[PDB]
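Participant: Below you'll find the sequence and an experimental structure to go with it.
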Amino acid sequence: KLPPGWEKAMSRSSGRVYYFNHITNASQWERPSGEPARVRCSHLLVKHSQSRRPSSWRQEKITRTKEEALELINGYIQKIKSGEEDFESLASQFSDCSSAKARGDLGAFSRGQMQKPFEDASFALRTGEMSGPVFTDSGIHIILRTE
Ligand SMILES: CC(=O)c1cc[nH]c1
Ligand SMILES: CC(=O)c1cc[nH]c1
Ligand SMILES: CC(=O)c1cc[nH]c1
């Protein structure tokens, strides 16, 4: 019916159908477009107090809660989708990953290299597409597939 991970749901406020992906947590009004050895992705990470290493180049001691980190992630997604801000600009400024210095770029990778929920979302993304909040032991990610 639909590409991997995608399902149909009903909007609670509008009553119009929308599409949601249970691997990437993406959601959108438009019906999605219809696997490679490798993909290339960028990401923006927001760490919290329960991350594996609650520290980053931005903050020696990361103290925000998981709920607070998710609110930040949701805010960044809103600004990306509205075009108020670019993914690469937010990732350079706010990602708790050292990959911030490269606009969030992680380079290319295969299955069996990254944390599983990150890997699964990355390979379920099509080129150009972006995830919703993706949860790993490191924190909460926004993932942009570039190749
Ligand atoms: C087709 C698709 O994936 C789109 C279109 C606008 N946003 C997402
Ligand atoms: C140049 C450098 O170390 C970094 C780390 C994160 N952003 C920039
Ligand atoms: C892709 C992945 O698993 C990462 C990246 C930074 N922390 C975890």
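Facilitator: Sure, I can see it. Residues are numbered from 1 along each chain as shown. Ligands and ions are numbered 1, 2, ... in the order given.
Participant: can you tell me the helix or strand for the residue sitting nearest the centre point of the chain?
Facilitator: Centrality entry for the chain: nearest residue to the mean C-alpha point is residue 142, 2.0 Å, by Cα atoms, centre = their mean. Counting by DSSP states H and E, the secondary-structure element that holds residue 142 is strand 139-145.
Participant: what's next to that strand, contact-wise?
Facilitator: Defining contact as Cβ atoms under 8 Å, 6 or more residues apart in numbering, one finds that strand 139-145 is touched by 24, 39-48, 51, 66, 69-70, 73, 76-77, 80, 87, 91, 96, 104, 118, 121-122, 125-135. Every residue, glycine included, has its C-beta placed from N, CA and C.
Participant: That one and ligand 3 in contact?
Facilitator: No. Applying Cβ under 6 Å from any ligand atom, one finds that strand 139-145 is not in contact with ligand 3, the shortest distance being 7.0 Å.
Participant: How about the contacts made by residue 3?
Facilitator: Neighbour list for residue 3: 32-34, 126 [criterion: Cβ under 8 Å, 6+ apart].
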